[PDB]
Amino acid sequence: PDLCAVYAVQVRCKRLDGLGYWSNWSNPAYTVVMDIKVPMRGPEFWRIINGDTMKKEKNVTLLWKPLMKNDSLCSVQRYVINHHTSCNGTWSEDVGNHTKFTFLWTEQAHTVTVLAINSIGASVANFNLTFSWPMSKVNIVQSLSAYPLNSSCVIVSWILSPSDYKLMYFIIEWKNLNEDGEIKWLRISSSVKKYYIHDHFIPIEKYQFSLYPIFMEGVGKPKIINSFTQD
């Protein structure tokens with residue numbers, strides 16, 4: 001089941017015809033943790049946009065988490081970010097062991113892909129995210145609401161308007177408005193309409209919940225709420 005765990009193996013032998021006993025086990029042989037295949041799936045990444053609305057150029061900081069043993073298999077030597085633009089074409093920038101990378105967004109459409117590379121090669125299944133200025137104005141989430149079940153779970157529900165664009169998946173972004181905590185995000189399927197976010201939530205403190213509709217053309221206009229619905 002696991003291709004990168006240490007396995008103890010002991011072997012013993014006897015005659016095929018069965019006349020006798022069965023001997024004791026041999027010395028245990030242990031596998032050496034080495035790369036067997038290329039990584040199965042690339043890391044999920046999200047963007048932080050730093051820039052005034054009056055500026056055409058915005059700093060996009062991509063944050064991704066290190067891959068688990070299921071996705072990284074054995075290890076990830078480095079991460080490389082491949083860019084896709086209508087003007088500059090396709091180029092790849094090596095990030096290395098860093099889990100964050102800041103670049104500049106200037107063009108109308110920019111596709112970003114993250115690949116995890118080990119001693120054998122790059123990852124097979126890699127997530128791509130498209131940044132598009134016209135697509136940022138498309139809003140399909142008619143309404144969004146949050147209900148605190150307790151300090152450890154919050155129900156987030158949304159009602160969507162019909163859209164001509166193909167909706168791929170949702171990305172829920174939440175953070176604390178009373179503290180300078182890290183901006184948390186989670187990728188959910190587009191067919192999901194209500195989700196149970198399990199985190200330490202304080203009902204007194206205000207939490208900003210942002211829902212980002214993701215499409216083939218790019219990220220849609222997020223629906224943002226700043227407090228739990230008391231109705």
# chains A, B, ... in the order shown; residues from 1 in each chain; ligands from 1
>>> residues_around(residues="residue A:3", least_positions_apart="5", cutoff="12 Å", atoms="only C-alpha atoms", output="tab-separated table (two decimals) with N, CA, C and O atoms, in the first residue's frame")
chain	number	residue	atom	x	y	z
A	31	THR	N	13.80	-2.03	3.55
A	31	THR	CA	13.87	-1.25	2.32
A	31	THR	C	14.48	0.12	2.59
A	31	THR	O	14.30	0.71	3.66
A	32	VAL	N	15.20	0.63	1.59
A	32	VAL	CA	15.82	1.95	1.65
A	32	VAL	C	14.86	2.96	1.03
A	32	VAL	O	14.35	2.73	-0.08
A	33	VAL	N	14.61	4.06	1.74
A	33	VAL	CA	13.68	5.06	1.25
A	33	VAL	C	14.29	5.78	0.06
A	33	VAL	O	15.20	6.60	0.21
A	34	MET	N	13.80	5.45	-1.13
A	34	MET	CA	14.28	6.05	-2.37
A	34	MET	C	13.08	6.32	-3.25
A	34	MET	O	12.01	5.75	-3.06
A	35	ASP	N	13.26	7.23	-4.21
A	35	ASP	CA	12.17	7.57	-5.11
A	35	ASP	C	11.87	6.41	-6.05
A	35	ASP	O	12.78	5.85	-6.67
A	36	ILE	N	10.59	6.04	-6.14
A	36	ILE	CA	10.16	4.99	-7.04
A	36	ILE	C	9.46	5.55	-8.28
A	36	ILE	O	9.80	5.15	-9.40
A	37	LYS	N	8.51	6.47	-8.11
A	37	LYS	CA	7.82	7.08	-9.23
A	37	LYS	C	7.88	8.60	-9.10
A	37	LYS	O	8.33	9.14	-8.08
A	38	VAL	N	7.43	9.29	-10.14
A	38	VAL	CA	7.28	10.74	-10.12
A	38	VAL	C	6.12	11.07	-9.18
A	38	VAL	O	5.26	10.21	-8.95
A	39	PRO	N	6.07	12.27	-8.60
A	39	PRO	CA	4.96	12.61	-7.70
A	39	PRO	C	3.61	12.53	-8.40
A	39	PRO	O	3.47	12.87	-9.57
A	69	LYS	N	2.66	12.42	2.22
A	69	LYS	CA	3.31	11.21	1.73
A	69	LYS	C	2.46	10.50	0.68
A	69	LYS	O	2.98	9.70	-0.10
A	70	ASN	N	1.16	10.78	0.66
A	70	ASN	CA	0.30	10.20	-0.37
A	70	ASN	C	0.53	10.86	-1.73
A	70	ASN	O	0.52	10.19	-2.77
A	71	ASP	N	0.74	12.18	-1.73
A	71	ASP	CA	0.92	12.92	-2.98
A	71	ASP	C	2.38	13.08	-3.36
A	71	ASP	O	2.73	12.95	-4.54
A	72	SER	N	3.25	13.37	-2.39
A	72	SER	CA	4.68	13.49	-2.68
A	72	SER	C	5.36	12.14	-2.85
A	72	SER	O	6.54	12.10	-3.19
A	73	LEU	N	4.63	11.05	-2.59
A	73	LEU	CA	5.18	9.70	-2.51
A	73	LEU	C	6.29	9.65	-1.47
A	73	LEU	O	6.03	9.49	-0.28
A	74	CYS	N	7.54	9.77	-1.92
A	74	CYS	CA	8.69	9.68	-1.02
A	74	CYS	C	9.20	11.05	-0.59
A	74	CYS	O	9.26	11.34	0.61
A	75	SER	N	9.57	11.90	-1.54
A	75	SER	CA	10.07	13.23	-1.24
A	75	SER	C	9.89	14.13	-2.45
A	75	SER	O	9.71	13.66	-3.58
>>> residues_around(residues="residue A:210", least_positions_apart="6", cutoff="7 Å", atoms="only C-alpha atoms", output="JSON, numbers by chain")
{"A": [172, 173, 174, 222, 223, 224, 225]}
>>> closest_residue(among="A:88, A:145, A:130, A:230", to="residue A:216", atoms="only C-alpha atoms")
A:130
>>> residues_around(residues="residue A:46", least_positions_apart="3", cutoff="10 Å", atoms="only C-alpha atoms", output="number ranges by chain")
A: 43, 60-65, 100, 129, 171, 173, 183-187
>>> select_by_dssp(residues="stretch 71-179 of chain A", states="strand (DSSP E or B)", output="ChimeraX atom specification")
/A:78-85,89-96,100-105,109-117,122,125,128-132,141-148,154-160,167-176
>>> residues_around(residues="residue A:169", least_positions_apart="6", cutoff="12 Å", atoms="only C-alpha atoms", output="VMD selection string")
chain A and resid 127 129 186 to 193 211 to 216 218 to 220
>>> write_last_selection(atoms="C-alpha atoms", output="mmCIF file, in the first residue's frame")
data_model
loop_
_atom_site.group_PDB
_atom_site.id
_atom_site.type_symbol
_atom_site.label_atom_id
_atom_site.label_comp_id
_atom_site.auth_asym_id
_atom_site.auth_seq_id
_atom_site.Cartn_x
_atom_site.Cartn_y
_atom_site.Cartn_z
ATOM 1 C CA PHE A 127 -3.228 22.280 -10.649
ATOM 2 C CA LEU A 129 -4.944 28.730 -11.867
ATOM 3 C CA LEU A 186 -9.777 25.497 1.092
ATOM 4 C CA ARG A 187 -10.613 24.017 -2.308
ATOM 5 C CA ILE A 188 -14.027 22.331 -2.625
ATOM 6 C CA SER A 189 -15.900 20.870 -5.591
ATOM 7 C CA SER A 190 -18.320 23.043 -7.559
ATOM 8 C CA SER A 191 -21.187 20.587 -6.974
ATOM 9 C CA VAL A 192 -20.992 21.318 -3.223
ATOM 10 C CA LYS A 193 -23.501 23.882 -1.957
ATOM 11 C CA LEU A 211 -16.075 32.522 -1.678
ATOM 12 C CA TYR A 212 -14.117 32.522 -4.942
ATOM 13 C CA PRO A 213 -15.893 30.981 -7.961
ATOM 14 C CA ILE A 214 -13.234 29.384 -10.171
ATOM 15 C CA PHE A 215 -13.749 28.929 -13.913
ATOM 16 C CA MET A 216 -11.790 27.847 -16.967
ATOM 17 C CA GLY A 218 -10.217 32.555 -14.532
ATOM 18 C CA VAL A 219 -11.309 33.432 -11.015
ATOM 19 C CA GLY A 220 -14.742 35.014 -10.699
#
>>> atom_distance(atom1="atom CA of residue A:85", atom2="atom CA of residue A:112")
9.1 Å
>>> select_by_dssp(residues="stretch 27-221 of chain A", states="helix (DSSP H, G or I)", output="MDAnalysis selection string")
chainID A and resid 134:137
>>> write_last_selection(atoms="N, CA and C atoms", output="PDB file, in the first residue's frame")
ATOM      1  N   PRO A 134     -10.910  40.585 -16.946  1.00  0.00           N
ATOM      2  CA  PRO A 134     -12.355  40.523 -17.246  1.00  0.00           C
ATOM      3  C   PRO A 134     -13.098  39.472 -16.438  1.00  0.00           C
ATOM      4  N   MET A 135     -12.436  38.362 -16.102  1.00  0.00           N
ATOM      5  CA  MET A 135     -13.110  37.301 -15.363  1.00  0.00           C
ATOM      6  C   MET A 135     -13.298  37.666 -13.897  1.00  0.00           C
ATOM      7  N   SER A 136     -12.523  38.629 -13.392  1.00  0.00           N
ATOM      8  CA  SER A 136     -12.663  39.062 -12.006  1.00  0.00           C
ATOM      9  C   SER A 136     -13.963  39.815 -11.755  1.00  0.00           C
ATOM     10  N   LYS A 137     -14.633  40.292 -12.804  1.00  0.00           N
ATOM     11  CA  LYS A 137     -15.899  40.993 -12.651  1.00  0.00           C
ATOM     12  C   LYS A 137     -17.105  40.064 -12.689  1.00  0.00           C
TER      13      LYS A 137
END
>>> closest_residue(among="A:58, A:99, A:147, A:66", to="residue A:231", atoms="only C-alpha atoms")
A:147
>>> residues_around(residues="stretch 113-126 of chain A", least_positions_apart="2", cutoff="6 Å", atoms="only C-alpha atoms", output="list in words")
residues 38, 39, 40, 41, 42, 76, 77, 78, 79, 80, 81, 82 and 128 of chain A
